[PDB]
Every structure is written in structure tokens, then in C-alpha cells.
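A.B. asks: Chains as they are written, first to last, in the entry's author numbering: chain C, 243 to 406; chain A, 329 to 467; chain G, 10 to 222; chain F, 38 to 207, 215 to 316; chain D, 272 to 406; chain B, 346 to 443; chain H, 11 to 167, 194 to 209; chain E, 24 to 101, 108 to 283, 296 to 333.
Backbone N, C-alpha and C define an ideal beta-carbon position, used for all residues, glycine too.
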Ligand SMILES: CC(C)n1nc(C(F)F)cc1C(=O)Nc1ccc([C@H]2[C@@H](O)CCCc3cncn32)c(-c2ccccc2)c1
Ligand SMILES: [Zn+2]
């Protein structure tokens, strides 16, 4: 909220290609995003941030595959590479394998039936590891509050904060 | 149609609705609202079909709603993504399984996310206080 | 107390009468610990002679288990049904002494039982005799014991008692030390916070008074 | 043979009754009362107790039944679930007077209990003793005798807090870790005494008692307590839930401190 | 649990007017004994199958299921029936209250052992070590 | 009205039947009520929709699971409400500065 | 632990340098050790900032980057093919040989955690061993290797009281 | 002679009642002394009441500026007049002939989960009672906070007469009153004053408690307070969330500084939870970690 009014009035109009890019990356459609990226190639390569847009293109497919897990429980590889537009069971299998390797998704691949099963069980909160994580987060919050209290005590004694 | 909707007989209800839609389209005050209404009605039946079931065979569902299994699967996915159906489709055997959410894990996840966001906001505000106190701006 | 009666009646008897009394004691219901009868010099004199088998059987009942009477069966005399049932009860007690969740497979292997109904009937008998207390879980095939009696002990077993009690005492001492240290730390933290707040207030008041001159 | 559970409130009632009567009359006097409670199956649980009125004729105690029934209706007005259980008195070992009074009481309830408190005692044990009446035939005559029962102390949280507050009678972590200290000290004392006796028996200073050593062996085998996996899962569930509560409380406190600092900063470094 | 032979001898020693039976059958004594057996078996088992319950009550498994369901419906017992698994489950006996009860029993054992040591052998270890610990 | 009377008594008998069980086969209910499996499923669907029977039908294996397993879920609702209030409160407190 | 210390020493030696540019041996060791620890970003940037003159002078950097490029695309057969195509004199040999073992363990863990039924040929390609060796190796692990269809089924793999006192002392102030 | 407090003399009580000094001053009674038995009786009655409110009477005497309470009894209340006074008179008549000579000195009632204070109805009742029968005192017990905090929550109040305006002088320790009872606590807070509460016991009671502790430590060592009060903490969290919402609404605009009060309530609940957890941690260290 505390942002200056320059970005909301003057800086925003110059960044019109990127708002179009977001608007296309608001409706799940890799073809439209590729078309827009190719149309605005000169603008994206003049600002030297080309290769950060191809990451958006390659992340749209990952977002679609993740959205597939919110509805399905077992999806054929050929069926999967038709809602995310991956053009082949092999590309869908390699995408799912890469996603599993990086921890983005919780899934298993069955090459016998050519299926992918979605598990969606990150962790049950009944182990000392989560206790340690909670303790670390609480220690960070305690240090934060201690610093805030130190700053307030240093502002309380200020003579300028005695006449008002 | 109303009685068959109440008595959980959806094939006949939808057949009569589709039969009378063509005649209803010639109305003056109801025609513009026909299509939307129909969609709404159909949607209700779907959540009214899966309400008693914890795992439903999709072939019987498709036969009940007079559609193929693929169109039913697409409609069910559209409903699960946003609507009132909380279920998961097992397309290997074409079975719609009722999904039961876990409350404890959900609360833990939301609380940890809120804590992380609060810490980020607090650090940002401390930096903002430092820059405001030091009178740093671009002119 | 049946064992007290048997001790009193066995003051001077020896020989065949001693063996008859030992058989009666083993077969007598309700007596499951034979440590007072074993320590008699009259009983211990059975080692030298032709009646050492009866003393070995008494030692097996006092300290051993049923599997011990699978490989040393020829030496000891024949056991009746009541004696074998008592030995099975004592084997169940021995198993429950070391672990408090006995799988059905272990009991089936130890007590030499064919089906689960016989084993569960034996466990129910043991519970009714009030030597062990517990419940049977058929789904998990477990016997969960809450309390089992203590069997007889030799002179080389008291070391384990003293070791375990020493460990418990050390644990209690450590707990008390930790409690005291934490109490001291909490009190110190409270005192330090109050002192810091009072110094801050005093400095603020001094600065305020100075500005009003 | 029933199993009896006792509440400290009953003992306090009896002691207060004795103190009041002794102070009022000027000399120690035996008191006679009644007990109420609840019986589930074969387990009796004695909850409360009200005084009873009795007279002495010749040399025998006669219980006023009309007053008893009046007080029974009075307490039934309030404590609906509680029921008459037996009577109590103060003294030493049971005496034929107690037999006569128990015969009188048995006309009210089929199987009453008999509680006796000893206000003048020298030992270090609670002087409460619980008996039940057993009928017997001796020389062809029907007499009754007393069979003692083993009693425990009932577990109630509010009762425990009240009794602790009464027994003691004069930071927050320091206040909390004073109730735990006073119990772990007794546990450590008891374990140390048992260990010293066992070591003395092992080295040899006292006669070899088999019963004590067998009980000690069973006690040693009783540890650890509930080392199953489901218990560990439940324990970690509790720990994680309390950790989340602590995290939320810490966030609330930090938000309050942040608000205070923001207010002070806006007062000093701003003009509004 | 009252087994079959005990009830057989009891019926043998009963006089004929005591054996009250309905016209269709279903002897009152036998039914009461079956109910008592099932209630008492509720205190030994955490859960039991229908076959073993019918073998322990000596009735057909279908009758065992019917009797258990009737008994649970009227509120005589606490439990539930899983028909697909064929398992009747009695009280759960959760973990943390069990831990508290076991702790209480262990401390009771300690107290009783100290009482017995002190009352069967005064002077000696008991009072001398009590004083020494105090000192 | 004989059909309505028959349906009323069948519904009452089924409600009494499902009282102790946790998971119960539908052919079992068909045997008890003396009706085919399809009519038992229709009756169960009507009863569950009318908020009379608290359970759900497993159609693939043809059984009925009764929702008898419940726990103390109010604590997590309270924690969720606390978390949401804390989120909004810290947003407002931070937005107070500038 | 013996490789992390060498990596730190190589990084410091490169940072100090006789004018920014380091010697080709430490450049090659740095690149290979970045490949070991799965620092693909760091290895890519190191290849970006290595002077072209050093690349022309020393041709082993080309082979090391070929191996790194096969690693970057996640091409296990390519990784195993390109590892056994070049060597040095006790400079990259231990690290280039530990790279093979690291890749082996990584592929085995990935197959275990990401599959429920994988063909024997695919498993051998992922690991790099021959098909018969791949099947016969998983014997003590019990992976249930099938015949005819040749399907492999991977198997799915104190201070507390002080902390609580600190928390309370913070909350109660 | 600690037992001398138990000796009751009627002549002195009649003389004091006929020479009432409390009719001149208003802040006269400032000390309340409660017997151990009476306190235990009130605590057990309030706990047996459950989540509802239970009320009873309080027998005792007066001694200078001290209100001494000796016993108690529970009124039926399933009622102000009629049934309550019938029970009071009948119970006093019954108890006068068995050794209980003292008459009523107050009334007690429970405030389960919302502190120890007098509402508007309680203030009106105390005014009515002190108008006719004097002296009098109102004891309020919180049976639920007693378990949660491990401390007996009890408060003996006495109500100022109508038309009297005392000049400030109120310490007013902080009480976590729920949201729906904050308004009632605000209007009627200066119409009564609290008496300092102390407890006493006889010599036989002291000896019996000392002998009882030899076997009562088992229940202390096996309490597990984290499970006995699980709905109280949930209600506290709900009330705290509502208070946080109100404080946030106050922040968006622009009690005094409602955020501080919400923070205090959150701290109290969290500290109680952590105490309950550390007790179980100590038990686990003592008993489960002796793994042989
Ligand atoms: C001494 C008693 C009998 N008494 N004497 C006179 C006087 F008229 F003589 C008048 C009275 C008298 O009943 N007061 C009273 C008032 C209100 C309540 C309840 C009432 O609001 C409804 C519940 C909420 C509440 C919170 N706090 C008091 N309440 C009670 C009361 C307390 C506990 C249990 C039952 C009732 C007693
Ligand atoms: Zn009130």
C-alpha cells in the first residue's frame, strides 16, 4: 500500500508488454503465450530480460500439471499430454519425472499401464522434525520482537519524543 | 419435471426439460434466461447425484445423465475445480471418489504460511522505517 | 498361604515323601512362586542321589520356561496336565516380563499350540488366575499386558535390580537439577526485565524534568 | 469383596466434626456420622459425609432414625445421584459398641461400610480404616465380624488443587515448577530407599526376604512405561499442537510490539 | 465366562419347574448365560471376529452377530460392528489415559513396596536409612 | 396408501437396523427388509438426502459406511479463526506506517 | 568432506588470483567439483566467465563441459557415455570418478521414488549397467523383477524444558 | 492454641451484633478468613455443578474487622425467595442440634469461565441482603480457571450502599472477562469492593493432610492437565479471536488500546498451554526414558 504514486501513474504505462504477458498468463493457454512472446520478441530482447520469459513459458506447463492434481487421481500419459498440450506420452512422462525429481509434485509413474497416480501427502504433523521447524520459526519471531522492542526503547528516550 | 428432480430420477427429468426447451425458446420474458437457467438446473442434479455416494461408478452416472463418459468426466472436472463437488476422478477405472479434507494438516499449513508472510512483512517494514528515518528519496 | 503350609509340613521329610510333596506342590493351584521351598537344605540335598531329576524339575518350574521342557524332557519325570498348564502359565508370565505386547506367533511357538482358540483359552485362564492382566487384540494378533507378577530370582539377578534402580535414581536427580536451573533462569529473566524497565522510566523522567527548566 | 475409593473431603469432614465437638464440650468425644457416594458395579466411591444425631441410653448408642430420614430427604433435594453408603466414627480398633451400632445401621441399608478414624495416632500412616460386616456361625450362634478392605484415594483435579492449596498455605514458571518438585522429591526418596534395602540384602545386612525382592524385580520390569509407537505418535501430536499455539501467541505479541513502535515512530518522525 | 459343561451340570441339578422355557424355545437361563458370557468377553478382548465369538459362546456366528447387535442397540454394551471385516470392537482404551493409569499403578507399586519393607523390618534398613537420607 | 405405509415401516426398520453397525453390506439390508438391492439403494439414497441416515453409500463394492467416527474438530476451527484474524491484524498494523 | 574443502580452496585461489585470471588446472578442478555437488548454475556461470584463451589453450575444459551439459539436460545415458571419454593425471580423476558414483546413487533413488513399474531396459539405461547385471544386482533389496514382460517393480524407500521456559519467559515478560 | 478459632461463644456474638460498628463506617470489613473444609466444600460443589452455576450459603461469625467462614451447604436451585429460604431455615434447624452453632454469614455462587466478579444481579442481591441481614459477604468461585491455572480462583466481595460514591482507590487486578460480559463488568465495578481472603485449618486437619501427602503425590505425578481442559482452551481462543477482530477494527479507524488486552489474553492462554505441555515432558523424562 505504501508504494509511491509514480509507479501507478507513470511507470506502469511503459510496461505494457509485460501486462499483456501476465494477462495471457492468466488463462491457461501455452499457445497464446508463445504467440505473444514471439510477437513482442524485440521488446523483451531489448531490455535484456529474454530467457526470463522462456522460464514463464516452461513454467506454464508445470502450473497446468499441478492444476491437474487438484481434480484427478489417476491419469493416462496420453490423456495427460492432451490437457496440458505436451504432444506425446513421452514428453508428459519426462515432465512428470522432472517435476517429481524437483519436489514440485507428488506422483508415481506406472509404465506397465502407462498411467500417473497422484498422491498429495506432503507430511503428517506428528514428528519431532516439525517440532524443530516450529521452534526455529518461533526463535526467529522472538528475535524480531526483541529488535522491535529495542528500537522502541531507543525512540522513547529521545528528547524530541518528550515535547510531543 | 419438478417431481422427478425431487425423486432422484434425472434421465426422465432432463429428457423432458430438453423436450420443452424448444417450445420455451419462443417465449418473450423467459427466452433470454432459458440457457443459463438450464445450466443451473443441470448443475444441481450433479451435486445431488454424488451427495449420498462416497465412490460412484461413472458409467452409471453417464447413463443417468444421458451423456458419454468423456463428457461427464469433463463436466465433473469443471465442477471439482471450482464448484460444490469435492471429489477426485480415477480415470483408470472411471470412478468418482469422494474427497475428505484433513483439518489438522490444513490448519498447520495455513498457520505456517501466515507466520512466514508476517515475518516478511515485518522485515520490509523495518527497512521502510530505516529509509524514512534517513530521508532517502529520488528527486 | 499354600507354600507356607507345604514348608511347615516338610520340616523333616525326605526321600520318596519329598518327591510326592514336590509333585503335589507343582500340581497345587494358586501357588506360582517356589523360592521358599527351593532354599531348604532338605530339598537341596536331593542333588546327591537318584532323585536329582525331581530337583531339576523344581528348578525348571521356579526359573525355567516351557521350551526348556522341550529339549530336557527325557531327564525329568512325566508331567500331568495341571503341571503342564502351570508351566504354560509361567511361560506366559516370563514372556510378558520382558515385553508388554506379545505377538500371537511368539506364544504359539513357545506354548506349542495348534490354533488360536486354544491359545486364547489359555491366556484367559491365566488372566482369571490373576497372575497377568491384559487384553487380547485379534485384529493385530497381540496380547497387551498391563501387569504381570514377578517370578523367582537367583543370587545373580539382584545386580540387575540395583542397576535399574540406580538408573532411575540418576534420572530423578537429573530431572530435579533441571527443574531448579529453569526456575532460577526464569526468576533472573523477570528481575532483569523489571530492572531494565525501571531504568528506562527513570531516564525518561530525568530527561523530562531537565527540559522543564 | 468390594473395592473402595475415598475422597479427602470425607476425612476433612470427620476431622472437623471431631474438633468442633471436642472444643465445644471441653473434652474429646467420639462422633458418629454417615457417608454418601456412588457405587458402580462392585466399586464403591465415597464422596461426601453428613453428621448424624444419636443418644446414649444406659451404656448403648441409639441412632435417631427420624432425624436420619429428614437429613436424607434434605441431601436428596440437592445431590440427586448420591446415595447412602454407610457410617463413620472416631476411635481405635473396632469394639462391640461399633458392632451394636452397625447392627442398628444395617436396618437402613443392606450392606453398609464402616469407616473409623483415629485422631490420636503415633505412626506415619493415614488412620482411616474401612471395614465391612460379615455374618458367621460360631457354636451354632449367628454373630457378625468386621473384614477390613483396602481403600485408595479418588482422583479429581479440583479436589487435588484445593487439597494442595490447603496443605501448603503459602514468576509463573517458578510457581508451576514447585508442585512437580514436591512429588519428584518423594518419588526419588522412595526409589532410593528401595535401592538401599536391595543393596543391603545383596551385600548382606538383613535377612533374605524373597517377597520384597520379587516385588522389586516386578517393579524394575515395569519400566519403561508405554513405549509403543501409537503412544509416541500421540505424544508428538500433543507437542506439535502446543508448539503451534505458542507460535500464534508469539505472533500476536510481536504484532502488538510492532504497533507500539509504529505509533511512537509516527509521533516523532511525522507531522500528520 | 461360564462354559458349556458348568451350565450342563447346573441344569442337571435344577428341578423341572425352575426351567422356564418359551413355547418357541429360547430357554431363559441359556439366553441369560449367553448375554453374561458376551458381556464378560467384552472385558478381555479389544475386538473379536464373529467366528471366534460364536466359538466362545458356542452358538452359530450369525446368532452371535444378532445377539451382539441387539445388545449394543439397547445400550447394554459399548462397541460397534464392522460387518465387512466381521469384527465387533469393544472399548478403545486410548493411549495417553492409559499412560497416566500405568504411571499411577507403578507409583502404587513403589508405595506398597516401601510400606511392606518398613512394616516387615523396622530399625535395620528402614528407619536408619530414612534418618541418614534426612541427615 | 398401502405403498406409503409399507415405505414408512421399511424406513423405520432400516433406521433401527443400522444403529450399531459401522460398515454394513447392502445385500444384508435387502435380506432383512425383503426387497431387491436396487430398491434398498433407492431407499438409502432418499434417506441420506433427507438428512435421516448419517452415512454414505460405497457403490463400487456395494456397502454403506455410517459416519460414527468423530473427534474434537472445534480446536482446529478456533485456530483457523485465530490465524485469519492475526493475518488481517498484522496487515493493518504494517500498513499503519506510511 | 574431502571434496568440499578442496572446492573452498579452489574458490579462494581463483578469487585471489594473479590479476583475476587463474590457472587452467584450478579452473578444471572448479568446474568438475561444481558438477559433483550439483551446482549447475555455478558451473554454467564458471564456464561463462572462463576466458576464451584458456578454453583454446586447454582442451579438457571442453570435455568437462560436455559432461556438464549432459548433466544439465538430465540425460543419464549421455552422462555415462561422456564420463568415460577423457582423463587427466590425478587432477580430475578422483572427482570425475566420484561423479559416476553420485550419478548412480541419484538415478537409483529417482527410480525408487518416482516409479511403480519400470522396464528392465529403461532401468539399465538409467543406472548404466547392462540389463542382466541390472536385474541380478537387485537381489538383496527384493525389487520383484519379472520375467517375459521384463517389468521391474521399485520398492518405496534435555533442551526441551529449557526451550519451553524460554518461551514462557518471553510471553510473560 | 490454633484450635481456639473453633470455639464459639454466643454472648460475644450477641454483644457485637447489638453494638454494630458496621452501621457507621462503610469500608469496615476488609479481611475474610475461610476454613479449609469450607473452601474444599465450595470447590467440590462448584466442580460437580459442571458448566452451570451453583449457589449455596456460608455459615460463620465475625471477629473485629474479620469475616470468618466455617461451613457451607448447597441450596437446591433445581430460587431467591420461597424454596431457597425454606431450605435455609430447615437446614439451619437440623444442623443446630448436632454441633453447628453458627448462623449464616454469606452466600456463594460459581462463575464458570468468566472470572470472579459481581454482575448487576449479584450487586442487587447483595444490596438486598445487606439491607436486611447484616453482616454479609458474597464469595464468587471460578471452578474452571482453577483447573487451568492450578490456583484456587475465589473472591469475597461486599457491596457499597446506594448513593455512596467512594473516591477512587481501586487497584483492580486484570481479569480476562469474555466479550459478552465486558459491558456488564463496566457499569457495575465501582459498586462493590473486594475483601482480602485468607485460609485457616485446625491441628488435626494439619496432621491429617501431612499424613495424606505420603500417598497423595501419585495423583500429582499422573495428572496430565492437557486433556482435562480442552474445550475451555477452545472457548478462550474463540473469544481471543473476536477480541483481535475488534482491536483490528479500532486500528483501522482513527476499551483503550484493545490490542494490549487481546495480547494479554493470548499470553495467558498460551502460557497455560505451555505449562500443561512441560508437565507431560517432565513425566516422559521420569518414566518413559528409563529404557533398559
Ligand atoms: C442468597 C440468594 C438465595 N439470593 N438472595 C436474594 C435476595 F432476594 F434475598 C437473591 C438471591 C439470588 O438468588 N441471587 C442470584 C442472582 C442471579 C443468579 C444467576 C442468574 O442471573 C442466572 C444465571 C447467571 C448468573 C450469574 N451470576 C448469577 N447468576 C443467581 C444464581 C447463581 C448460581 C446458580 C443459580 C442462580 C442468584
Ligand atoms: Zn453472579
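Is residue 77 (chain G) near residue 64 (chain G), with beta carbons less than 8 angstroms apart?
C.D. replies: no
A.B. asks: Taking the CB atoms as reference points, tell me whether residue 250 (chain F) and residue 244 (chain F) lie closer together than 8 angstroms.
C.D. replies: yes
A.B. asks: Would you decide whether residue 320 (chain E) is buried or exposed? Buried here means 16 or more other CB atoms lie within 10 Å of its CB.
C.D. replies: buried
A.B. asks: Can you tell me which residues form a DSSP beta bridge with residue 188 (chain E)?
C.D. replies: E:221
A.B. asks: Which first and last residues belong to the alpha helix (DSSP H) in which residue 74 (chain F) is found?
C.D. replies: No alpha helix (DSSP H) contains residue 74 (chain F), which is instead part of the beta strand (DSSP E) from 70-77.
A.B. asks: I'd like to check one pair, residue 419 (chain B) with residue 46 (chain E): are the Cβ atoms closer than 8 angstroms?
C.D. replies: Between residue 46 (chain E) and residue 419 (chain B), the C-beta spacing is not below 8 angstroms.
A.B. asks: Hey, which unbroken runs of the alpha helix (DSSP H) at 4 residues or more fall wholly within the segment 328-387 of chain C?
C.D. replies: 331-343
A.B. asks: What number of angstroms, rounded off, separates the C-alpha of residue 106 (chain F) from the C-alpha of residue 113 (chain E)?
C.D. replies: 20 angstroms
A.B. asks: With DSSP collapsed to three states, give me the class of residue 70 (chain E).
C.D. replies: Residue 70 (chain E) falls in the helix class under three-state DSSP.
A.B. asks: Between the segment 138-155 of chain G and the segment 220-240 of chain F, do three or more beta carbon pairs fall short of 8 angstroms?
C.D. replies: no
A.B. asks: Check whether the Cβ atoms of residue 12 (chain G) and residue 35 (chain G) lie closer than 8 angstroms to each other.
C.D. replies: no
A.B. asks: Under 9 angstroms between beta-carbons, which chain H residues line up against residue 292 (chain C)? List them in chain order, please.
C.D. replies: Here the premise fails: no neighbours, minimum Cβ distance about 16 angstroms.
A.B. asks: So if I threshold CB-CB distances at 7 angstroms, which residues from the segment 392-412 of chain B count as touching chain A?
C.D. replies: 393, 394, 401, 402, 403, 404, 405, 410
A.B. asks: Under a three-way DSSP split, which group does residue 78 (chain H) fall into?
C.D. replies: helix
A.B. asks: Three or more C-beta pairs under 8 angstroms: does that hold for the segment 289-297 of chain F against the segment 298-313 of chain E?
C.D. replies: Yes, since at least three Cβ pairs between the segment 289-297 of chain F and the segment 298-313 of chain E fall closer than 8 angstroms, the two stretches touch.
A.B. asks: Among the residues of its own chain, which have a CB less than 6 angstroms from the CB of residue 340 (chain A), if the five just before and after it don't count?
C.D. replies: Within the same chain, Cβ atoms closer than 6 angstroms to the Cβ of residue 340 (chain A) are found at 332, the five residues on either side in sequence being excluded.
A.B. asks: Could one say the Cβ of residue 277 (chain F) lies closer than 8 angstroms to chain G's Cβ atoms, at least one of them?
C.D. replies: Judged by the 8 angstroms Cβ criterion, residue 277 (chain F) is not in contact with chain G.
A.B. asks: Does chain F have any CB closer than 8 angstroms to the CB of residue 16 (chain G)?
C.D. replies: At a cut-off of 8 angstroms between C-beta atoms, residue 16 (chain G) does not count as an interface residue with respect to chain F.
A.B. asks: Please report how far the alpha carbon of residue 192 (chain F) lies from the alpha carbon of residue 252 (chain E), in whole angstroms.
C.D. replies: 9 angstroms
A.B. asks: Measure how close the beta-carbons of residue 393 (chain A) and residue 342 (chain A) come, nearest whole angstrom, since I'm counting them as under 8 angstroms.
C.D. replies: 7 angstroms
A.B. asks: So, under 8 angstroms CB-CB, residue 116 (chain E) and residue 114 (chain F) are touching, yes? Tell me the CB distance rounded to an integer number of Å.
C.D. replies: 7 angstroms
A.B. asks: Just to confirm my understanding: we take residue 57 (chain E), look at its own chain, exclude 5 residues before and 5 after, and list those with CB closer than 6 angstroms. What are they?
C.D. replies: 92, 228
A.B. asks: Below 9 angstroms on C-beta distance, what does residue 213 (chain G) contact in chain C?
C.D. replies: 398, 399, 404
A.B. asks: With a threshold of 8 angstroms, are at least 3 pairs of Cβ atoms found where one atom belongs to the segment 375-395 of chain D and the other to the segment 246-261 of chain F?
C.D. replies: Touching, yes, given that three or more Cβ pairs across the two stretches are closer than 8 angstroms.
A.B. asks: Thinking just about the alpha-carbon of each residue, which of D:351, D:357, D:321 is nearest to the one in residue 335 (chain D)?
C.D. replies: D:321
A.B. asks: With distances taken Cα to Cα, identify the nearest neighbour of residue 97 (chain H) among H:24, H:42, H:33, H:50.
C.D. replies: H:42
A.B. asks: Buried or exposed: where does residue 405 (chain C) fall if 16 or more other Cβ atoms within 10 Å of its Cβ makes it buried?
C.D. replies: Around the beta carbon of residue 405 (chain C), a 10 Å sphere encloses fewer than 16 other beta carbons of the protein chains shown; the residue is thus reported as exposed.
A.B. asks: Give me, in chain order, the residues of the same chain whose beta-carbon lies closer than 6 angstroms to that of residue 416 (chain A); leave out the 5 immediate sequence neighbours on both sides.
C.D. replies: 425, 427
A.B. asks: Shorter than 7 angstroms, the distance from the beta carbon of residue 151 (chain E) to the closest heavy atom of ligand 2, or not?
C.D. replies: yes
A.B. asks: Are the C-beta atoms of residue 194 (chain H) and some chain F residue less than 8 angstroms apart?
C.D. replies: Judged by the 8 angstroms Cβ criterion, residue 194 (chain H) is not in contact with chain F.
A.B. asks: Identify, in the order they occur along the chain, each residue of the same chain with its Cβ nearer than 8 angstroms to the Cβ of residue 71 (chain E), setting aside the five sequence neighbours on each side.
C.D. replies: 77
A.B. asks: Keeping to the same chain, check which residues put their C-beta closer than 7 angstroms to that of residue 308 (chain D); ignore five residues upstream and five downstream.
C.D. replies: 272, 273, 328
A.B. asks: Could you work out which residues of chain F lie near residue 369 (chain D), taking near to mean beta carbons separated by less than 7 angstroms?
C.D. replies: 270
A.B. asks: Under 7 angstroms: does the beta carbon of residue 140 (chain E) sit that close to some heavy atom of ligand 2?
C.D. replies: Within the cutoff, so yes.
A.B. asks: Measuring straight from C-alpha to C-alpha, what distance separates residue 418 (chain A) and residue 164 (chain H)?
C.D. replies: 23 angstroms
A.B. asks: Could you tell me whether any Cβ in chain H is nearer than 8 angstroms to the Cβ of residue 216 (chain F)?
C.D. replies: Yes, residue 216 (chain F) lies at the interface with chain H (some Cβ there is under 8 angstroms from its Cβ).
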